[PDB]
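J.: I'd like to ask you about the structure that follows.
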Amino acid sequence: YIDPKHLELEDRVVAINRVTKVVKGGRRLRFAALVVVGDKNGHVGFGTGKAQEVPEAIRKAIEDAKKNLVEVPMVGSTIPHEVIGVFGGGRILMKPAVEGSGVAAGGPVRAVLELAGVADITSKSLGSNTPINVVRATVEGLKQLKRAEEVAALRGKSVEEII
Amino acid sequence: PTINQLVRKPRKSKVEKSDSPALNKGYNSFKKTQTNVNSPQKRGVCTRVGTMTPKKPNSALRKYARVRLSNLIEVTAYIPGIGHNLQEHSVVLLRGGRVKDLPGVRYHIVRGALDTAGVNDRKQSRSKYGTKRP
Amino acid sequence: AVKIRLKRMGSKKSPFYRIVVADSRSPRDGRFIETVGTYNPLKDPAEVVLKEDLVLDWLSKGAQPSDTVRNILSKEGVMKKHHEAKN
Amino acid sequence: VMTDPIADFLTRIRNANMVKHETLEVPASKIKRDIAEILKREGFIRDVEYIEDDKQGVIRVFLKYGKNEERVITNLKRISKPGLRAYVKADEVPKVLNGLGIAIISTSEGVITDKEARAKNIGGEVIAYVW
Amino acid sequence: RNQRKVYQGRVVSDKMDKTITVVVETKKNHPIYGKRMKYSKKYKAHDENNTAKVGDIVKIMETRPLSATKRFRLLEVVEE
Amino acid sequence: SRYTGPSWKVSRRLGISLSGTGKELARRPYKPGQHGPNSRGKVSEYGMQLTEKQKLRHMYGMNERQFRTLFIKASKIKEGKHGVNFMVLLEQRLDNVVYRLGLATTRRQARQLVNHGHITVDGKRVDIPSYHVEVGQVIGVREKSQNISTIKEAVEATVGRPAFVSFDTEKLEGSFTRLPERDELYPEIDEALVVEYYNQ
RNA sequence: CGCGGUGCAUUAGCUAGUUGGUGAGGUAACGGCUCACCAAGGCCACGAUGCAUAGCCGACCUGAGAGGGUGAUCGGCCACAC
RNA sequence: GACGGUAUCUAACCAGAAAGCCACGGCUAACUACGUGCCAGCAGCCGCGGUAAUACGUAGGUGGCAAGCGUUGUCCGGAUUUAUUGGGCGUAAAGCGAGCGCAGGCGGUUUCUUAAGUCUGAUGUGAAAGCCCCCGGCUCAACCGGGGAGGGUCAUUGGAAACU
Ligand SMILES: CN[C@@H]1[C@H](O)[C@H](NC)[C@H]2O[C@@]3(O)C(=O)C[C@@H](C)O[C@H]3O[C@@H]2[C@H]1O
Ligand SMILES: [K+]
Ligand SMILES: [K+]
Ligand SMILES: [K+]
Ligand SMILES: [K+]
Ligand SMILES: [K+]
Ligand SMILES: [K+]
Ligand SMILES: [K+]
Ligand SMILES: [Mg+2]
Ligand SMILES: [Mg+2]
Ligand SMILES: [Mg+2]
Ligand SMILES: [Mg+2]
Ligand SMILES: [Mg+2]
Ligand SMILES: [Mg+2]
Ligand SMILES: [Mg+2]
Ligand SMILES: [Mg+2]
Ligand SMILES: [Mg+2]
Ligand SMILES: [Mg+2]
């Protein structure tokens with residue numbers, strides 16, 4: 001668990017989807033907002049908020065995202081190793097990149113990575129474009145990412161021996 | 001499929017087809033056959049000129065010409081712009097391009113080329129519609 | 001017969017030449033047997049790069065330098081070496 | 001019928017690891033012993049022992065789990081398959097998770113990890129990936 | 001002295017006098033998928049005395065054209 | 001082609017001061033056009049990346065084709081951050097070297113000097129504003145040109161020279177002692193956005 | 001002579017100097033290259049044969065790469081000259 | 001010395017002769033007025049136009065690029081949309097109605113051996129030009145020149161023996 005407090009979190013509105021519930025009189029229109037809130041230092045989360053008005057949906061989503069913050073391993077400006085994250089339709093593949101290459105990624109993955117604070121990475125989305133699913137798939141891949149120190153500790157060998 | 005299955009019957013891809021077939025085929029008068037030549041445009045003679053009804057969503061009188069191209073293929077082409085000087089037996093140049101509204105129009109009649117006169121009073125997007133700079 | 005001659009290279013109005021052993025019938029810029037040197041007339045003292053040993057070996061085998069290549073080989077002293085080798 | 005005992009061995013480890021089973025057993029073969037000892041010396045598995053029987057012998061693998069019962073072995077993958085053999089030249093030897101994983105490779109010098117293979121500058125058949 | 005190509009193969013036809021048909025039976029990797037596929041090349045080799053029979057493992061060395069289709073000469077019969 | 005239109009309009013469109021004075025931005029810091037003064041909707045990520053790309057190329061007064069080729073060369077450089085290298089090459093461009101030395105007040109003025117040939121590199125005339133200037137090459141004014149009010153006024157007015165440039169007032173000769181550092185370059189510009197833009 | 005590079009099986013049989021032998025002749029040269037005899041062999045689902053398309057390549061365009069497309073200019077080879 | 005008084009150099013005069021094209025509803029950077037009224041027309045897809053149109057036409061602005069700009073044509077990409085790398089088949093397209101089986105594909109453990117596959121070294125070759133890397137010449141670049149590297153399911157030959 002990562003406490004939102006003590007972290008200077010900033011948010012970005014990934015998607016604002018106007019959803020409809022059909023009611024006897026007609027259409028009941030609501031706004032569903034997907035938000036990604038991150039620390040630019042390795043912590044990031046995503047939250048969903050539904051409300052009659054766009055600002056309120058965004059605010060609800062922001063609070064949810066803070067609750068869901070997670071930490072991403074990072075070696076320099078890029079991730080430790082290649083990782084594929086799959087959630088539902090979403091399917092993302094993210095690879096380390098050389099320094100200065102930038103963030104090669106599309107749409108929602110861009111927000112997740114920027115907010116997380118990763119500056120250089122290569123990513124490809126092999127699944128659907130559904131923003132919620134791709135964001136979920138992104139965080140799944142990041143949770144798969146492993147630290148050299150943790151791996152070295154787990155396997156019982158020095159990190160130098162591992163590499 | 002298994003690798004042996006792929007070996008026994010390899011992958012085969014779909015074959016694409018042109019959206020503007022008439023431009024893809026030339027004609028050899030001597031041999032009296034059609035050749036396979038990709039041409040950006042093609043010259044034709046207006047066998048008929050008139051107007052057509054769009055499809056259901058839209059309503060207008062879209063101005064069109066039935067043209068026999070230099071390769072003897074007969075097609076229907078749209079006439080962009082406002083007002084034109086075309087008539088049957090008028091020599092025109094055709095470019096690719098569908099018209100969503102119309103059922104069977106796959107080509108456009110280039111304005112400002114051959115017998116097609118530029119669009120009167122056109123002042124924005126003059127390259128298209130083939131009008132000189134005033 | 002086998003020739004030692006200049007294959008033209010470079011750009012318009014800025015010629016360069018490669019001293020190449022080639023069969024006489026071949027095109028000037030076409031098929032050639034081997035490159036043995038270079039020749040840049042645009043330098044005030046015309047600059048020549050030569051594989052003197054290879055050129056001498058081809059001369060011994062019976063290659064016939066063109067006129068300009070013969071002057072080049074003379075200036076580099078290869079021709080005198082070939083003359084002495086015949087002796 | 002079993003067409004790849006090696007892949008069967010890897011999948012037995014994968015299934016046992018998924019359920020966090022403490023140990024597992026497999027029919028013994030020379031290549032399987034080589035794979036097991038490589039995992040032992042790379043610290044993926046806790047221990048390996050061998051039982052001699054009348055059929056082909058048995059190899060018993062004690063799985064390794066970290067603190068909080070975290071799985072040491074993230075996954076295993078069979079690369080070279082009977083359907084399609086996979087061979088890599090000395091310069092083609094791959095890296096599994098930039099070295100955080102390993103590739104078990106069979107060479108003229110024996111079955112070795114990718115680190116060792118590219119230290120000796122020899123290629124071989126890429127038996128498996130582990131990480 | 002330069003060497004001519006010599007191949008091992010199995011006889012599959014000896015109904016012609018002074019000649020035999022051999023099969024090399026190589027394997028090649030499929031260009032796209034890389035699996036090894038069985039590939040059969042067959043050669044018409046001149047037999048000096050019709051010694052070799054059908055289904056014999058024999059070696060043949062390439063030679064000057066001896067007939068329309070002959071290009072190889074029998075050397076040894078290693079299996080009958 | 002060389003851009004000649006108003007300078008303030010371009011600077012305020014980019015939202016930063018190209019000249020660095022801030023004079024363009026100080027009054028009416030709106031995007032050019034009638035809709036500039038009134039509030040405008042937020043810009044998309046593509047717009048942001050495009051704006052950074054435009055920032056650099058308008059700073060140095062270059063066309064897109066030359067800009068694109070220069071970026072590719074920067075990529076070919078093996079060591080160091082790609083965006084940083086691209087900005088370093090933008091600096092080494094001959095016009096910018098004149099501007100840094102202060103022989104001209106503005107990059108347009110430095111470019112016109114180079115185009116008209118009043119500048120010489122290592123004592124040799126060079127009329128190519130695009131010319132790449134290496135470290136240690138000595139950029140000087142043509143002897144005939146040294147007595148023209150414009151360049152003399154620019155020299156006396158320019159009071160701050162970047163650390164990497166070394167200049168001599170009397171000789172009117174300068175040169176880059178070392179490649180500019182990232183912080184020495186314009187910080188307001190974000191090279192990473194430009195890198196991603198051209199990644200497309 | 002080995003190997004490599006198009007489609008179609010809604011194209012499955014093809015071959016009769018054809019496959020091989022013995023001679024003889026012919027060629028710069030091996031050779032059914034040609035001819036007389038002797039046999040009945042040879043090719044083919046690892047695609048013969050037939051149909052359609054096509055000069056081949058170094059190279060060029062694209063692509064992260066695997067690959068996809070192209071075969072101008074330049075050079076090599078080949079073929080052709082109503 | 002055809003090029004040719006050609007490149008080039010010097011000196012005098014003048015901001016004076018030398019900027020267009022397309023786009024601005026979303027995708028997509030770029031917005032307002034009139035005129036128009038499912039008409040005239042736009043359009044690559046979604047789709048605009050029925051009297052208050054940022055989507056048509058004009059205007060004023062703005063964005064892109066620039067001696068070019070845009071349209072069409074064709075190829076690759078995006079297209080994981082033939083998926084070897086890199087997809088699937090309960091209900092979305094997709095398991096033959098079922099079995100017997102020739103060829104083919106694949107194949108249990110292990111000792112020894114072989115070296116076809118596999119890995120590795122040396123040699124020869126894979127022309128030149130062109131990509132790519134260094135170094136030079138044209139005021140820069142394009143371009144040109146020099147030296148390299150690469151490029152083969154290559155041939156010969158020497159090793160290894162885990163796997164096939
Ligand atoms: C019979 N009275 C109805 C009934 O109570 C409906 N709710 C069950 C009620 O529903 C509404 O409240 C609605 O929300 C829908 C609307 C068509 O009618 C409204 O009035 C509806 C009432 O008129
Ligand atoms: K005969
Ligand atoms: K041809
Ligand atoms: K003929
Ligand atoms: K539009
Ligand atoms: K597959
Ligand atoms: K069934
Ligand atoms: K072997
Ligand atoms: Mg939830
Ligand atoms: Mg328009
Ligand atoms: Mg001279
Ligand atoms: Mg230009
Ligand atoms: Mg691709
Ligand atoms: Mg926009
Ligand atoms: Mg309009
Ligand atoms: Mg594809
Ligand atoms: Mg159904
Ligand atoms: Mg179904």
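Letters for chains follow the order of the structure tokens (A, B, ...), residue numbers begin at 1 for each chain, and ligand numbers begin at 1 in the order shown.
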Pick out each residue of region 64-158 of chain A that DSSP on the backbone tags as strand (DSSP E); I need them as a list in words.
T.: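 Everything in region 64-158 of chain A that counts as strand (DSSP E) is residues 70, 71, 83, 84, 85, 86, 87, 90, 91, 92, 93, 94, 95, 96, 103, 104, 121, 122, 123, 124 and 125 of chain A.
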J.: Please, could you write that set of residues out with C-alpha atoms as a compact mmCIF listing (two decimals), in the first residue's frame?
T.:
```txt
# COMPACT_ATOMS: atom_id res chain seq x y z
CA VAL A 70 1.13 1.79 -6.98
CA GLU A 71 4.90 2.07 -7.34
CA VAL A 83 6.91 -6.70 -19.87
CA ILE A 84 3.51 -7.53 -21.37
CA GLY A 85 0.41 -6.58 -19.39
CA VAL A 86 -2.98 -8.04 -20.29
CA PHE A 87 -6.35 -7.09 -18.83
CA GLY A 90 -6.36 -4.59 -23.37
CA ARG A 91 -2.89 -5.90 -24.17
CA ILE A 92 0.25 -3.78 -23.90
CA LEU A 93 3.94 -4.53 -24.44
CA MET A 94 6.47 -2.13 -22.93
CA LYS A 95 10.21 -2.32 -23.51
CA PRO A 96 13.12 -0.34 -22.05
CA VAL A 103 8.07 7.88 -24.61
CA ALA A 104 6.95 5.85 -27.63
CA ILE A 121 10.30 3.73 -23.10
CA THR A 122 8.97 1.84 -26.12
CA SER A 123 5.42 0.52 -26.01
CA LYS A 124 3.01 -1.23 -28.35
CA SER A 125 -0.69 -1.89 -27.77
```
J.: Which residues, written as a list in words, have at least one atom at most 7 Å from region 103-106 of chain B, with only C-alpha atoms (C1' of nucleotides) counted and residues fewer than 6 positions away on the same chain left out?
T.: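 Residues meeting the cut-off are residues 20, 76, 77, 78, 96 and 97 of chain B.
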J.: Residues as selected, N, CA and C atoms, written as a compact mmCIF listing (two decimals), in the first residue's frame, can you do that?
T.:
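This is the output file part08.txt:
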```
# COMPACT_ATOMS: atom_id res chain seq x y z
N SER B 20 -10.47 2.48 -58.09
CA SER B 20 -10.64 3.19 -59.36
C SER B 20 -10.12 2.29 -60.47
N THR B 76 -18.96 6.42 -64.88
CA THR B 76 -19.69 7.61 -64.48
C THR B 76 -18.80 8.42 -63.55
N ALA B 77 -18.68 9.71 -63.82
CA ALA B 77 -17.79 10.58 -63.07
C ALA B 77 -18.56 11.78 -62.56
N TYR B 78 -18.13 12.28 -61.40
CA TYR B 78 -18.76 13.43 -60.79
C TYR B 78 -18.15 14.71 -61.35
N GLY B 96 -9.10 9.62 -59.95
CA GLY B 96 -9.72 8.74 -59.00
C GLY B 96 -10.48 9.51 -57.93
N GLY B 97 -11.35 8.78 -57.23
CA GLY B 97 -12.12 9.38 -56.16
C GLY B 97 -13.58 8.99 -56.19
```
J.: Could you pull out the residues sitting within 9 Å of ligand 18, using only C-alpha atoms (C1' of nucleotides) and all ligand atoms, and write them as a list in words?
T.: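 If we count only C-alpha atoms (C1' of nucleotides) and all ligand atoms, the neighbours of ligand 18 turn out to be residues 89, 91, 92, 93 and 94 of chain H.
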J.: Distance limit 9 Å, reference ligand 15, atoms considered: only C-alpha atoms (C1' of nucleotides) and all ligand atoms. Which residues make the cut? Give them as a PyMOL selection string.
T.: chain H and resi 42+53-57
J.: Could you turn the residues from that selection into a file that holds N, CA and C atoms (P, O5', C5', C4', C3', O3' and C1' of nucleotides), as a PDB file, in the first residue's frame?
T.:
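The resulting file, again-v8.pdb, is reproduced below:
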```pdb
ATOM      1  P     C H  42     -19.231  19.920 -54.550  1.00  0.00           P
ATOM      2  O5'   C H  42     -18.832  19.883 -53.014  1.00  0.00           O
ATOM      3  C5'   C H  42     -18.066  20.930 -52.441  1.00  0.00           C
ATOM      4  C4'   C H  42     -17.715  20.632 -51.009  1.00  0.00           C
ATOM      5  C3'   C H  42     -16.998  19.316 -50.771  1.00  0.00           C
ATOM      6  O3'   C H  42     -15.606  19.407 -51.012  1.00  0.00           O
ATOM      7  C1'   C H  42     -18.766  19.551 -49.216  1.00  0.00           C
ATOM      8  P     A H  53     -27.365  29.553 -39.765  1.00  0.00           P
ATOM      9  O5'   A H  53     -26.049  28.699 -39.511  1.00  0.00           O
ATOM     10  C5'   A H  53     -25.998  27.723 -38.478  1.00  0.00           C
ATOM     11  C4'   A H  53     -24.857  26.766 -38.697  1.00  0.00           C
ATOM     12  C3'   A H  53     -23.483  27.422 -38.779  1.00  0.00           C
ATOM     13  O3'   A H  53     -22.495  26.532 -38.264  1.00  0.00           O
ATOM     14  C1'   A H  53     -23.961  26.352 -40.827  1.00  0.00           C
ATOM     15  P     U H  54     -22.011  26.650 -36.739  1.00  0.00           P
ATOM     16  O5'   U H  54     -20.472  27.028 -36.859  1.00  0.00           O
ATOM     17  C5'   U H  54     -20.052  28.098 -37.688  1.00  0.00           C
ATOM     18  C4'   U H  54     -18.565  28.058 -37.916  1.00  0.00           C
ATOM     19  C3'   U H  54     -18.045  26.832 -38.649  1.00  0.00           C
ATOM     20  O3'   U H  54     -18.152  26.955 -40.055  1.00  0.00           O
ATOM     21  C1'   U H  54     -16.713  27.249 -36.733  1.00  0.00           C
ATOM     22  P     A H  55     -19.175  26.024 -40.869  1.00  0.00           P
ATOM     23  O5'   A H  55     -18.531  24.574 -40.760  1.00  0.00           O
ATOM     24  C5'   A H  55     -17.214  24.332 -41.241  1.00  0.00           C
ATOM     25  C4'   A H  55     -17.183  23.190 -42.224  1.00  0.00           C
ATOM     26  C3'   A H  55     -18.343  23.163 -43.213  1.00  0.00           C
ATOM     27  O3'   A H  55     -17.910  22.587 -44.442  1.00  0.00           O
ATOM     28  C1'   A H  55     -18.389  21.205 -41.912  1.00  0.00           C
ATOM     29  P     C H  56     -16.967  23.415 -45.440  1.00  0.00           P
ATOM     30  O5'   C H  56     -17.919  23.733 -46.671  1.00  0.00           O
ATOM     31  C5'   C H  56     -18.452  22.690 -47.469  1.00  0.00           C
ATOM     32  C4'   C H  56     -19.508  23.218 -48.401  1.00  0.00           C
ATOM     33  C3'   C H  56     -19.182  24.547 -49.062  1.00  0.00           C
ATOM     34  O3'   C H  56     -18.420  24.387 -50.243  1.00  0.00           O
ATOM     35  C1'   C H  56     -21.368  24.620 -48.133  1.00  0.00           C
ATOM     36  P     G H  57     -17.077  25.236 -50.466  1.00  0.00           P
ATOM     37  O5'   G H  57     -17.586  26.694 -50.839  1.00  0.00           O
ATOM     38  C5'   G H  57     -18.186  26.955 -52.097  1.00  0.00           C
ATOM     39  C4'   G H  57     -18.602  28.397 -52.225  1.00  0.00           C
ATOM     40  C3'   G H  57     -17.607  29.426 -51.710  1.00  0.00           C
ATOM     41  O3'   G H  57     -16.574  29.717 -52.633  1.00  0.00           O
ATOM     42  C1'   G H  57     -19.750  29.926 -50.871  1.00  0.00           C
TER      43        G H  57
END
```
J.: Give the residues close to ligand 2, within 8 Å, counting only C-alpha atoms (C1' of nucleotides) and all ligand atoms; write them as a PyMOL selection string.
T.: (chain E and resi 67) or (chain G and resi 21-22+32)
J.: Could you turn the residues from that selection into a file that holds C-alpha atoms (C1' of nucleotides), as a PDB file, in the first residue's frame?
T.:
```
ATOM      1  CA  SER E  67      24.651 -39.299 -71.860  1.00  0.00           C
TER       2      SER E  67
ATOM      3  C1'   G G  21      23.065 -49.211 -74.386  1.00  0.00           C
ATOM      4  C1'   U G  22      26.504 -50.839 -78.950  1.00  0.00           C
ATOM      5  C1'   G G  32      20.771 -38.740 -78.753  1.00  0.00           C
TER       6        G G  32
END
```
J.: Step one, run DSSP on the backbone; step two, keep only residues of region 68-132 of chain F assigned to helix (DSSP H, G or I); then write them as an MDAnalysis selection string.
T.: chainID F and resid 68:76 82:92 94:101 107:116
J.: Should the cut-off be 6 Å, what would the residue list for chain F against chain H look like, counting only C-alpha atoms (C1' of nucleotides), as an MDAnalysis selection string?
T.: chainID F and resid 33 126 128 131
